[PDB]
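Student: Structure provided below as structure tokens; questions to follow.
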Amino acid sequence: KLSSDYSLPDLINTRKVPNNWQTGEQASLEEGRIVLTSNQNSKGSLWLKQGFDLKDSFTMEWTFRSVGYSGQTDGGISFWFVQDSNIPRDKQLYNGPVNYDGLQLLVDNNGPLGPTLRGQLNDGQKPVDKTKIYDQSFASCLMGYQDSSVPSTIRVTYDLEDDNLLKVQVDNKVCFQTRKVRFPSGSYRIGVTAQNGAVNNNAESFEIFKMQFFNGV
């Protein structure tokens, strides 16, 4: 049930960035992956050009890794499913929109529990208090992500016909789920952003190996 216009092919043997996606800031396609960060204090975006018209259920699988640094930082990678009439112009929150309307999934390790993958909601009306990110997650889970030889796959499933289940999974292992989130039908934006910040002069490099978008669950 895979959808091509909203997915990212095998980047191995892709030499030019696929035409249905746009990169930004220091994001380039190196070697079978889109490297979002790689120089000290870098940032990178990678978003779909066309907007997804959400009416029914969906499954969204991201595949990523981090390399080149072990230790605490204010860096992080975040995945977005946010309502907007184009690629979000705001970059103030992990190289992404601080004033979003939908879902942010943040992988970082600067919070009270160390490495996590967390859930974050806003409605577009007022931007989020970044100093409150960790107090304001609707759901989270412990998640070693730093360096781990193999990439992790985050699987986001939204099951409209089951009292709207938002279930996130890391490597087929349940990270969290809820029914407190019901996306109103609209045109949504899909992308990932990152930054490694400045702490301890780190060069944490975030890589995107693939992303798959299915209609339905």
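Ordering of the structure tokens sets the chain letters (A, B, ...); residue numbers start at 1 within each chain; ligands are numbered from 1 in the order shown.
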Find the spatial neighbours of residue 137 in chain A, counting only C-alpha atoms, within a cut-off of 8 Å - ignore same-chain residues fewer than 3 positions away - and output them as a VMD selection string.
Tutor: chain A and resid 118 to 121 133 to 134 140
Student: Generate a file of the selected residues that holds N, CA and C atoms, formatted as an mmCIF file, in the first residue's frame.
Tutor:
data_model
loop_
_atom_site.group_PDB
_atom_site.id
_atom_site.type_symbol
_atom_site.label_atom_id
_atom_site.label_comp_id
_atom_site.auth_asym_id
_atom_site.auth_seq_id
_atom_site.Cartn_x
_atom_site.Cartn_y
_atom_site.Cartn_z
ATOM 1 N N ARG A 118 10.423 11.629 21.905
ATOM 2 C CA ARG A 118 9.273 12.221 22.566
ATOM 3 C C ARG A 118 8.226 12.722 21.602
ATOM 4 N N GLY A 119 7.049 12.976 22.131
ATOM 5 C CA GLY A 119 5.930 13.451 21.333
ATOM 6 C C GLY A 119 5.651 14.880 21.722
ATOM 7 N N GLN A 120 5.325 15.705 20.738
ATOM 8 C CA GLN A 120 5.039 17.115 20.994
ATOM 9 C C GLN A 120 3.935 17.583 20.052
ATOM 10 N N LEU A 121 2.920 18.224 20.645
ATOM 11 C CA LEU A 121 1.785 18.819 19.932
ATOM 12 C C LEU A 121 1.748 20.314 20.118
ATOM 13 N N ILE A 133 9.961 22.079 26.673
ATOM 14 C CA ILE A 133 9.786 20.928 25.789
ATOM 15 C C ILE A 133 9.606 19.618 26.583
ATOM 16 N N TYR A 134 10.407 19.442 27.630
ATOM 17 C CA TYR A 134 10.489 18.161 28.358
ATOM 18 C C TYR A 134 9.330 17.998 29.340
ATOM 19 N N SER A 140 6.567 9.700 25.852
ATOM 20 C CA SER A 140 7.981 9.570 25.522
ATOM 21 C C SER A 140 8.467 8.166 25.782
#
Student: If you run DSSP on this backbone, which residues of range 115-196 of chain A come out as strand (DSSP E), and could you give them as a count of residues only?
Tutor: 41
Student: Check the smallest atom-to-atom distance from each of A:68, A:127, A:32, A:24 to residue 146 in chain A using only C-alpha atoms, then report the winner.
Tutor: A:68
Student: Could you give me, as a Markdown table, every range 123-165 of chain A residue with an atom at most 9 Å from range 85-100 of chain A, plus its closest atom pair and distance in Å to one decimal, counting only C-alpha atoms, rows ordered by chain then number?
Tutor:
| residue | atom | partner | partner_atom | distance |
| --- | --- | --- | --- | --- |
| A:123 | CA | A:100 | CA | 6.4 |
| A:124 | CA | A:100 | CA | 4.9 |
| A:125 | CA | A:99 | CA | 7.4 |
| A:126 | CA | A:99 | CA | 6.3 |
| A:127 | CA | A:99 | CA | 4.1 |
| A:128 | CA | A:98 | CA | 6.1 |
| A:129 | CA | A:98 | CA | 8.6 |
| A:130 | CA | A:93 | CA | 7.6 |
Student: Taking C-alpha atoms for each residue, export the selection above as a compact mmCIF listing (two decimals), in the first residue's frame.
Tutor:
# COMPACT_ATOMS: atom_id res chain seq x y z
CA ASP A 123 -1.98 24.08 17.16
CA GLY A 124 -0.35 26.90 15.14
CA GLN A 125 -1.92 29.68 17.23
CA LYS A 126 1.07 30.46 19.53
CA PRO A 127 4.63 29.03 19.28
CA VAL A 128 5.86 26.58 21.92
CA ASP A 129 7.96 27.49 24.91
CA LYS A 130 11.20 25.71 24.02
Student: Would you pick out the contacts of residue 70 in chain A at 12 Å or less, using only C-alpha atoms, so that residues sharing its chain but fewer than 2 positions from it are not included, and give the list as a VMD selection string?
Tutor: chain A and resid 66 to 68 72 to 73 75 108 to 109 114 to 115 144 to 148 199 to 205
